[PDB]
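Before any comments, here is the structure.
Note: ideal-geometry Cβ built from the backbone for every residue, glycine included; neighbour counts use all protein chains shown. Quick note: the coordinates plus some simple rules give every number you see, no bench work behind them.
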Amino acid sequence: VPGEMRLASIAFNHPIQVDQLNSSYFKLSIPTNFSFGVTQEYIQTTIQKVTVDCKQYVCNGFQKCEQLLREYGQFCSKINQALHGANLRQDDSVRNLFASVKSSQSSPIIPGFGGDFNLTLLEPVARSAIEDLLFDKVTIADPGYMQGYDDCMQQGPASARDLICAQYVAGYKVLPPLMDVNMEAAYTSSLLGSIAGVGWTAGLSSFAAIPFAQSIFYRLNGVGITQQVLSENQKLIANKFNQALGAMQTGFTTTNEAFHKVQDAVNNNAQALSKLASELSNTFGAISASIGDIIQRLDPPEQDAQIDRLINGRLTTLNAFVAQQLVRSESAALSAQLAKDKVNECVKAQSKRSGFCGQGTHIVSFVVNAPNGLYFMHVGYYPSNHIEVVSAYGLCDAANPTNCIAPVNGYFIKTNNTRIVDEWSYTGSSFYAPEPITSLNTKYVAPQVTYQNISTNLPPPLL
Amino acid sequence: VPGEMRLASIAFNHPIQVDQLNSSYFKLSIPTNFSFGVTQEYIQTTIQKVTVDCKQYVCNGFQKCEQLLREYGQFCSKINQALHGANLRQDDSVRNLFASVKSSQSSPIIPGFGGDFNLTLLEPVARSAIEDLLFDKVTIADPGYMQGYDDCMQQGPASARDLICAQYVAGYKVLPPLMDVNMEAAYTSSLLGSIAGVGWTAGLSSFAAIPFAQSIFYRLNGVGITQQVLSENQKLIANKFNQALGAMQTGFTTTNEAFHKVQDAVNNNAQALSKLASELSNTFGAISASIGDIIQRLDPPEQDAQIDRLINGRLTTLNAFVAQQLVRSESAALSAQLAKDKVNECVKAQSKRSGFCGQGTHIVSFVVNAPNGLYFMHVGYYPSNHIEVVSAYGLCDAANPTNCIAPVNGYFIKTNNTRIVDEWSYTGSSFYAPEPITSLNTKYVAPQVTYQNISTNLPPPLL
Amino acid sequence: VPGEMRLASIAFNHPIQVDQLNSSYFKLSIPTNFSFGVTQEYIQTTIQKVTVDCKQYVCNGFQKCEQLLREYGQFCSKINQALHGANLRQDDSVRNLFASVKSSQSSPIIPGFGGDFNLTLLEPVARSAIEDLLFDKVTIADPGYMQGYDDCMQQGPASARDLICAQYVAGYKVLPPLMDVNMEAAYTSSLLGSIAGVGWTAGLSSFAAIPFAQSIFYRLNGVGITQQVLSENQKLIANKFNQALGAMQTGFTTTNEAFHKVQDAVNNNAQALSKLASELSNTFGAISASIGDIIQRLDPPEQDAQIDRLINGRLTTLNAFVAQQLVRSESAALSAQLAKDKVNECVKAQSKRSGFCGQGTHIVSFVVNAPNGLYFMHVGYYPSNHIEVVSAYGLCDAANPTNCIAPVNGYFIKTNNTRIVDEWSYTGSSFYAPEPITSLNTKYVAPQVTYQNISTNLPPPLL
Amino acid sequence: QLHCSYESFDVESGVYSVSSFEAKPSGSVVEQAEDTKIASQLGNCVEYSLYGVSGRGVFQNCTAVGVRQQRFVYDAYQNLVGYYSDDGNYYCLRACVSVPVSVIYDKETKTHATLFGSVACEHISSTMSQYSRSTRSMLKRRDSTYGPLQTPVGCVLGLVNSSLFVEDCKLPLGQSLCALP
């Protein structure tokens, strides 16, 4: 066997230290390697919609209880009103979301889409391989809307234990979703078909429809990687990205936090229904929880007092249940508003904000359907193997103080590369690679006291 | 009469398909026509503030009930404490909002402001035509703060049915709003006077005060429409925009969702007050809901038991009511924080985010006062009549590989216009219109394998 | 003594009026002086974590009550389940926040860091001077986790009145925080060490490590102040900024709203615990609130009825308490998500959004630890002494209509400075200071009818 | 009452609602054919008995509404809206007017003032026939030397029309009115 537990201290990872310096130059930390990686998120958008036949939940067709229930008839009316209002808000939240999800234009999607990138998210024209993994791995109780009560009838298995069959005992009705999974898939594939037509400005008007690999290279120019590196390492980029996609096949366990959230959303819907079902067996000072039993066992002066007590606790439980559902419905609507914002900032565009997504700046993100919500995947760019180098704030002509330049989207670093015959070199912001300093990499600025005084070889400006 | 209902399938609009291509050129979808349009939103910022005279609600001055109520005196103290804390939070949320709404500087506002744009939002120095439509169309019960109880007195109509008159029966007091509608109008006109002084960088310091029509043209350059088109079509832009404003006169029906939300905010305030009023007639095992009736009909050993039961249910109702108000107050504060963010991103500036507002990028938005909140109008730019054209990623000199260019805020398209004598032409991102390629429309870039090799006529660079 | 109250009207500050004009020029309002200022915010991230020994809270070890409590054993199980789930969510919210707070790299921090800026926020290697002020000024009840119950024992002062000692009476257990204040300080100093390495693009990869004063000047170029002014007035900038820091020593009173919010967060945690403690003395039709008293005073047929009534009210109070805690826990999680977003947009970068922070654009912000949350300080730039000047939309060559220019991040103003021998001059957007118009301050644009026709002295373009 | 409600001797500054005035009923009005002076009294605030139905309120002669023969006209909450009498006249019944009260307190100066809501100063007097609890004499040490003051929010005592313009008193009364110290 394993032995005793071990007391440990929680480790604190110290961030890499870089010395701040005075004078005209400074130390710069820059990445030399990277990996793509994927992080995921689950955003709930809806609550399972239910209604309750209040009268049937309180009493199963007995005439004595019905006569008493006429005194309390307005409580069932209020329960029906409140549940109906909650269900309307759920359906409107879904329609408002999908109105923003729809694009006005897209590419067709074929097998082989994406070129060098494998893309197991592609439809098998369907849903997707990732959606089928997610729906099968989560322990989902069997849906209604298909023949339902006929599988709780004698024409079906003796092993059925469904909450579908508890619906007619308790008077529940679970309502259908307002979309249909095929229409949800049509919206989802329409989002996938809009990716790589949203670059080159706007994206809310013109639709660029350009090669997917080329749009990724364009996004990598957008985070400060120079195009020379991107041109040489195209195959390596494809390999790293496909490794990051391959890691998704191990991400459907409860050690994955986003997956665990999906499972708990399903559990919560089942939990609410089971609470109302369990309360049918609870007496509230009654001899039995069946109204028919206390009708058989009691004379009518005693009988009606016992029935009234039983009714009062049953009504009180329904009132508590409705209050719970109203709170859950409102939180789902607020969560659906967050989902709408992420689709318009991370799915349809590159984000420059950080915060959202995995922390590695941001490149293309994807959406698939989940139980009760949307499941996001975000591809990020993660640094490795950082080195420290000498860098300068800017450069000027020693013979002419108005000729001053500053690097664009990158840094001026002291040369440590044997191809380059100059004291200074240009590198990208997100990736270490020296290059010659030319007019394409720089901008003209006003002079400053910290800029270097270059006595000879400067090519922008040549003078 | 109309006949039977018709079963139908929900339509799915397929987005316009554009073929993705390999090689050095691609198909581009671009708009050729447009319309302005207006979408609206209602953001609640407050709850109607109330207080409850707890002792009077439970008992109408009877001495026997007062002696019993001394045992429960701390429950009324807690009810007063909780309601008072909620009312302070409402008033602070209003002040925090208006502190961000205020500008440090503005234009004067006259009739004829806006030039060619009609602007029925202009004050009639007042509120506005739109505000008067909104306040009259919503079914608002008559306000207090004006003589109030004197219109529930015998010196007034026999047809009064106001909740104002139910206030003194139940011990309610509806508190006044903390602003005054004239001061709200002063803040609202100050926002209108700041529009078109927020362009040309910053806007949090300098105030530009430039012509309104010119600021709209400047915003249309900001979404990729070329200035040549804007110069020619100024009259057409004014006509389309005024048609979009004219559509607001039909927007005050319950088919308009934002209008429907305003009506329901008013209904909810009335609903809460009516719930407490209705409960005054409910017995809780009492002979009568009047304490004076059970004092007259019962000897004091029996009387006090009946009074205590009546008190217990009345206290329980007030506790439930306070819990409801605390939840509503908190949700209003969170909603008011959203309103503050929209004023600082959609009203005072052009938004580049999408998501927020009507989906047509974004140009100028407006705010007016509403019942319990702010009502936003967002003008958007909606595409029509899309066409597909041939386009190139960039162009280079065939004699010199370092001379490469890429379009700025637009595309390089194959020429289909008889004015232009070149193989390639420049167009804007949001509107199809060919133009000559010149230095103003382009930037110098590093060479790429997908750029075209131009053998003759290039003017930037000429070499 | 003071006399009678005075009725007053609430003042409305009119914003500065600027006349809108027609024709080719316009009036511009621009600041000529400024002050730095500091605003603060408190964002709660957590609830004090508690558990309740349900059985002990209801009954203090009596065997007669325990026999009755077996009938209700599932209610205590549900209370424990719900409280445990709430505590897990609190701990996960903390870990998710600190995962985003951590940087991958930082500077070392020494005394004298920041150069000319004083920085009382520097660690005394510790927490900070500001943190020690905040923790001492708020009236915090003494923490547990240190020897606790041994200071409620006879081996301690007779004046102890702690809720720590009420824990063993009621069966509470306050749980420890999941971080440790030393680890919180390590994260906080790591944020301080990342400031001024996040400029010059990206900031999510490379770490610039440049002089703090120089990074402030770079941020001031980012809000439209010209570098000529910044070069001359470096000492004055340091003096104004240090005055704004000096004002923090008077900010720990309840007149400061952010400080008042911190005090109320502490009060709310204490309030919840005191509510459960006070209810131990409340009878629910019982002869005494002690179960041992009613065991001594009653024969067992009467005794058990009284004990059951006492149990029912005690269970009902715990159910209400759990519902309150679940609501508070969820609101804290949502508030913690807001804190995460502000750290990634205001602490680690300059914000261009407005809205967030004090309203003076935005420059560097700081974070310190607070009771139950984070306390932010935002340095803003506040205008003063505005003047109106004549300005032009742009300038062109009168001899050649394609030679047209427009100012970059600033304005073209009519000259009122005796150093300059030109009709037009350039000024910054946030600060009035004339300068010569040169190629560094401008961009080439297409011609417009409102641009000035310059007949002689233009240097960009010279032609 | 405020000190007791907060269990303290140092209540924080603010505007606080307190117990309202009831009204104080006049002599009873009785109709019951089957003792002879007050079968009617058109308009005050009186106790009444109408063929075994009892309550209190203000009667007003008004236009007929319900079906005469059935006498008692009710609303949806079973309150007596009106009555057809044995003189052939319909009387509207509107109960009585209670007067809401709130007080303005500043802790720093330890001074106070009061507000009666939207009732209007025509119904307010230096001593009251309407009754709630004990006295308001602490106000009346200064406020019995002044008339009641009509404001847009309501009728007040001790408030003084200064016509000052102040950004924030920390004691707003609603609308644009502010209770400056």
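Points to keep in mind about this one:
- Checked against (1) in contact with a strand residue (DSSP E or B) (Cβ under 7 Å, 6 or more places away or on another chain); (2) surrounded by fewer than 20 Cβ atoms within 10 Å (Cβ to Cβ); (3) within 14 Å of chain C (Cβ to nearest Cβ); (4) of a type in the set (A, V, I, L, M, F, W, C), A:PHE12 meets all criteria but (1).
- Test: residue in the range A:350-361 that is within 14 Å of chain B (Cβ to nearest Cβ), within 12 Å of the chain's Cα centre (by Cα) and not basic (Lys, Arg): yes
- Cross-chain or 6+ apart pairs with Cβ under 9 Å, the range D:124-150 first and exposed (fewer than 15 other Cβ atoms within 10 Å of the Cβ), then aromatic (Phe, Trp, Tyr): D:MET128/D:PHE21; D:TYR131/D:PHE21
- Each residue in the range C:229-246 was checked for being within 14 Å of another protein chain (Cβ to nearest Cβ) and among the small types (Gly, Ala, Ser), and 1 of them qualify.
- Considering only residues in the range D:40-85 that are loosely packed, with under 14 Cβ neighbours inside 10 Å and among the hydrophobic types (A, V, I, L, M, F, W, C), the one that is farthest from D:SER26 (Cα to Cα) turns out to be D:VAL67.
- Residue check for C:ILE164: within 29 Å of C:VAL343 (Cα to Cα), more than 13 Å from every other protein chain (Cβ to nearest Cβ), surrounded by 17 or more Cβ atoms within 10 Å (Cβ to Cβ) and of a type in the set (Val, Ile, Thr): no
- Selection count where residues are assigned to a strand (DSSP E or B), farther than 17 Å from B:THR226 by Cα and of a type outside the set (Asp, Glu), scope the range B:385-423: 14
- Exclusive hit being of a type in the set (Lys, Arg), outside any helix (DSSP H, G or I) and either farther than 30 Å from C:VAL343 by Cβ or more than 12 Å from every other protein chain (Cβ to nearest Cβ) (or both), set C:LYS27, C:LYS55: C:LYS27
- Lone qualifier among C:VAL58, C:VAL52 - being touching a strand residue (DSSP E or B) at 6+ places or on another chain (Cβ under 9 Å) and of a type in the set (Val, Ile, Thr): C:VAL52
- Among the residues making up the range A:222-235, those that are surrounded by fewer than 17 Cβ atoms within 10 Å (Cβ to Cβ) and more than 16 Å from A:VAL379 (Cα to Cα) are A:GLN228, A:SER231, A:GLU232, A:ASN233, A:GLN234, A:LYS235.
Yes or no, residue by residue, for (1) assigned to a helix (DSSP H, G or I); (2) surrounded by 13 or more Cβ atoms within 10 Å (Cβ to Cβ); (3) away from chain D (no Cβ under 14 Å):
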position: B:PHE113; (1), (2), (3): no, yes, yes
position: B:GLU123; (1), (2), (3): no, yes, yes
position: B:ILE130; (1), (2), (3): yes, yes, yes
position: B:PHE135; (1), (2), (3): yes, yes, yes
position: B:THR139; (1), (2), (3): no, no, yes
position: B:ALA160; (1), (2), (3): no, yes, no
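- Any pair with Cβ under 6 angstrom, 6 or more apart, that starts in the range A:271-299 at a residue that is polar (S, T, N, Q) and ends at one that is surrounded by 17 or more Cβ atoms within 10 Å (Cβ to Cβ): A:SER288/A:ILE294
- The range D:142-181, residues that are out of contact with any helix residue (DSSP H, G or I) (no Cβ under 8 Å at 6 or more places or on another chain), on the phi > 0 side of the Ramachandran plot and more than 14 Å from chain B (Cβ to nearest Cβ): D:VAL160, D:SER163
- Pairs meeting the criteria (first residue in the range B:436-461 and more than 14 Å from chain A (Cβ to nearest Cβ), second residue surrounded by fewer than 17 Cβ atoms within 10 Å (Cβ to Cβ) and among the hydroxyl-bearing types (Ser, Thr, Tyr), beta carbons under 7 Å, at least 6 apart or on different chains) are B:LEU440/C:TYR444; B:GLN452/B:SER24; B:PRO459/B:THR438; B:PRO460/B:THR438; B:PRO460/B:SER439.
- Matching residues, the range C:252-295, being assigned to a helix (DSSP H, G or I), among the β-branched types (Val, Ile, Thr) and under 38 Å from the mean Cα position of the chain (by Cα): C:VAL262, C:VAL266
- Hey, B:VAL1 among the β-branched types (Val, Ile, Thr), closer than 30 Å to B:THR255 by Cβ and exposed (fewer than 13 other Cβ atoms within 10 Å of the Cβ) or not: yes
- Complete set of residues in the range B:364-420 that are more than 10 Å from chain A (Cβ to nearest Cβ) and among the acidic types (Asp, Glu): B:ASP397
- Residue within the range B:81-96 that is over 19 Å from B:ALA332 (Cβ atoms) and within 12 Å of chain D (Cβ to nearest Cβ) present: yes
- Within the range D:96-113, one or more residues are touching a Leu at 6+ places or on another chain (Cβ under 6 Å), under 30 Å from D:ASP168 (Cβ atoms), facing chain B (nearest Cβ under 10 Å) and not aliphatic (A, V, I, L, M).
- When A:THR201, A:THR226, A:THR255 are screened for being of a type in the set (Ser, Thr, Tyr), within 11 Å of another protein chain (Cβ to nearest Cβ) and over 29 Å from B:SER430 (Cβ atoms), only A:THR226 passes.
- Taking the range C:173-190 as the range and being of a type outside the set (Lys, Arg) and out of contact with any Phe, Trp or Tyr (no Cβ under 8 Å at 6 or more places or on another chain) as the test, the residues that pass are C:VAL174, C:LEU175, C:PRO177, C:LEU178, C:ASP180, C:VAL181, C:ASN182, C:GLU184, C:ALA185, C:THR188, C:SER189, C:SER190.
- Condition met for C:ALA213 (assigned to a helix (DSSP H, G or I), more than 8 Å from chain A (Cβ to nearest Cβ), of a type in the set (A, V, I, L, M) and surrounded by fewer than 19 Cβ atoms within 10 Å (Cβ to Cβ)): yes
One line per residue, one yes/no per condition, for (1) surrounded by 17 or more Cβ atoms within 10 Å (Cβ to Cβ); (2) touching a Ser or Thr at 6+ places or on another chain (Cβ under 8 Å); (3) hydrophobic (A, V, I, L, M, F, W, C):
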site: B:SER329; (1), (2), (3): yes, no, no
site: B:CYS346; (1), (2), (3): yes, yes, yes
site: B:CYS357; (1), (2), (3): yes, yes, yes
site: B:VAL408; (1), (2), (3): no, yes, yes
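- Number of positions in the range B:141-153 that are more than 14 Å from chain D (Cβ to nearest Cβ) and either closer than 13 Å to B:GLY251 by Cα or outside any loop (DSSP other than H, G, I, E, B) (or both): 0
- Of the residues making up the range D:152-180, those that are assigned to a loop (DSSP other than H, G, I, E, B) and crowded, with 16+ Cβ neighbours inside 10 Å are D:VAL153, D:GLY154, D:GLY158, D:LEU159, D:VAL160, D:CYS169, D:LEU171, D:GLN175, D:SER176.
- When we screen C:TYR432, C:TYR451, C:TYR444 for residues that are more than 28 Å from B:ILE437 (Cβ to Cβ) and either out of contact with any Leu (no Cβ under 7 Å at 6 or more places or on another chain) or of a type in the set (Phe, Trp, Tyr) (or both), the only hit is C:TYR432.
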